[PDB]
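Visitor: what's the 3D shape of this:
(chains A, B, C and D)
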Amino acid sequence: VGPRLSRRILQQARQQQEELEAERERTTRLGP
Amino acid sequence: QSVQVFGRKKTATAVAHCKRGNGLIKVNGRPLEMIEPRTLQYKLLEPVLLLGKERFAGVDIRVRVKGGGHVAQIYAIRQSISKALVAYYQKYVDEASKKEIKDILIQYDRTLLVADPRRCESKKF
Amino acid sequence: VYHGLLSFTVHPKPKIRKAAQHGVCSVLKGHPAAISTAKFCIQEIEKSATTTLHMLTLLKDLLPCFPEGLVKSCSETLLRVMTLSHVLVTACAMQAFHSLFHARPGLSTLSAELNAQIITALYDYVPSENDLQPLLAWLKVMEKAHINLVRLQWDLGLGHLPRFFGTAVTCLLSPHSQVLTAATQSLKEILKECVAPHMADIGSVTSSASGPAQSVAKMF
RNA sequence: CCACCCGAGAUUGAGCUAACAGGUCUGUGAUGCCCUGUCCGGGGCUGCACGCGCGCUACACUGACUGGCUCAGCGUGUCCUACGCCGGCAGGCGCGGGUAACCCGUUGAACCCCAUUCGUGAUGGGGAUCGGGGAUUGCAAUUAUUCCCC
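Guide: Numbers count the residues shown, from 1 in each chain, chains lettered A, B, ... in the order given. The structure is reproduced below:
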């Protein structure tokens, strides 16, 4: 394929994997 | 069980994920039958019409498409769906159906499974 | 007299402020007065924006010589100012965490349960994926905290290691080369100093391990 | 690279500093030749009967207008810009990010696609040339800098 198009394909497939895996405040205190 | 394939055109890329399902086709989260240019609608719909809706009745696919223009995106999508079905019937279904289906696609159109390696030429000083 | 010396840190002139800061650091490192200055720093942060970095520099230079409850309260206030999105306060307080965990404090200053709690609390930020100024500090302070936790209680540290190793492996997908080298160096340091000498104690691990051997299998 | 075994020899003798077409620097020839401008203000830099050529926009119906829908890449950036408010528009104010695969930016581009108006009409094609006003960059826009509205 070549560098640029394969790079776009790889990142696109990675984003599709993450959106398949997808389907609160920070811990402000140390002790409960 | 699921597979993930890709198809391409000049710059347009389509990544297709193929999972066990019931026969709903998603491209960019949108259904197959609503992609903007209707004049190329059958160009989007050729694998289903050649193979029949009964071969798609036990599977679902989602395609993310990036790059290119309208027509290049359509061609990358149809390459992606054809390669996704070929990969699925190769990996989790018996090989004879995969070979006969691959023969049907390649006798109708080579670009359904083989990428067209044409791109814009560069201009040199 | 200590309060009078301490009150001139927030004085806006750099020559007055730097002299007061260095004097307080020399007095504490040369302690019954640690509680008072820790409470003063906590109240000075809670009152306030450019002086925040100043008593954060105080906290960076003075965290190891503090009692455990005051360390806990200081870290709670520090995560409270981590709720803000300001960058300089984040970098300076990560430097404060680096100075806190780098000195390897004793059990009186820092306990193992407190270290585990602050390790679990620090997982919530991980700036995005590719920021490379705060992610470096975040990896470094988590490395030092894990080293200190293993030094205090080794089995709990090895138990908490697989999550950090998984996040480091995920962070190895960043396009920056420096964060990749830093993650490799950090995991190498943890493997050499915190994982290797305890393997005679752990013994052989199979697919059905239970204790720290299962954690070793998980980070493998 | 070091040391050592074997081996006659794991290095014993001869010949070769040099070079400046890159030059530089206050010197040497009563050295050959040829002679005895600066700052300042204003204007013009194609002003246009014409000849010879590059280009841009069109002569419309495979089109113009209005709305809707939906897709790039090479680059560049302490001037690129996100966002909030005001104005109908150019534009104005404030507040953030970016010395950068981190922010503009998932670069929501145009042709294209889908509906409306138009109907062979120098006409809703085509925009030149003008009249009025606003805004912006500059010390300064007059002989129209550039943009916007009618």
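
Visitor: for burial, what's the neighbour tally of residue 16?
Guide: Let's take chain A. The tally of other residues near residue A:16 (other Cβ atoms under 10 Å in any protein chain shown) stands at 17. All C-beta spots, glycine's among them, are computed from the backbone N, C-alpha and C.

Visitor: sorry, should have said chain C
Guide: Neighbours of residue C:16 under the rule other Cβ under 10 Å: 13.

Visitor: for it, what are its contacts?
Guide: By Cβ atoms under 8 Å, 6 or more residues apart in numbering or on different chains, the contact list for residue C:16 reads residue C:8.

Visitor: what about stretch C:83-90, start to end distance?
Guide: 10 Å (Cα to Cα, to the nearest Å).

Visitor: again, but for stretch B:20-36
Guide: Taking Cα to Cα, stretch B:20-36 runs 27 Å from one end to the other.

Visitor: buried ones in it?
Guide: B:21, B:25-27, B:32, B:35 (16 or more other Cβ atoms under 10 Å in any protein chain shown).

Visitor: how about the residues of chain A near RNA strand D?
Guide: Contact residues, chain A versus RNA strand D (Cβ under 7 Å from any atom of the strand): A:4, A:7-8.

Visitor: change it to 6 Å
Guide: Counting by Cβ under 6 Å from any atom of the strand, the positions of chain A adjacent to RNA strand D are A:4, A:8.

Visitor: for chain C, give me its nearest residue in chain A.
Guide: residue A:27 (4.1 Å; Cβ to the nearest Cβ).

Visitor: from residue C:163, how far out is that residue?
Guide: 15 Å (Cβ to Cβ, to the nearest Å).

Visitor: compare neighbour counts for those two and give me the winner.
Guide: Each of residue A:27 and residue C:163 has its neighbours counted (other Cβ under 10 Å); residue A:27 has more, 18 against 15.

Visitor: all helices of chain C, in order?
Guide: Using DSSP state H, the helices of chain C run over C:2-6, C:14-28, C:34-47, C:51-62, C:68-82, C:87-102, C:112-121, C:134-152, C:154-171, C:177-190, C:199-202, C:212-219.

Visitor: show me which residues of the longest one are buried.
Guide: It stands for helix C:134-152. C:134-150, C:152.

Visitor: on that earlier part again, which residues lie in contact with the residue of chain A closest to chain C in this structure?
Guide: Neighbouring residues of residue A:27 by Cβ under 8 Å, 6+ apart: C:79, C:120-121, C:124.

Visitor: and it, how far from chain B?
Guide: Per Cβ to the nearest Cβ, to the nearest Å, residue A:27 is found 34 Å from chain B.

Visitor: part of a strand, is that residue?
Guide: No. Looking at residue A:27 with DSSP: H, G, I helix; E, B strand; the rest coil, it is coil, so not inside a strand.

Visitor: if I look at it, how far off is residue C:123?
Guide: 9 Å.
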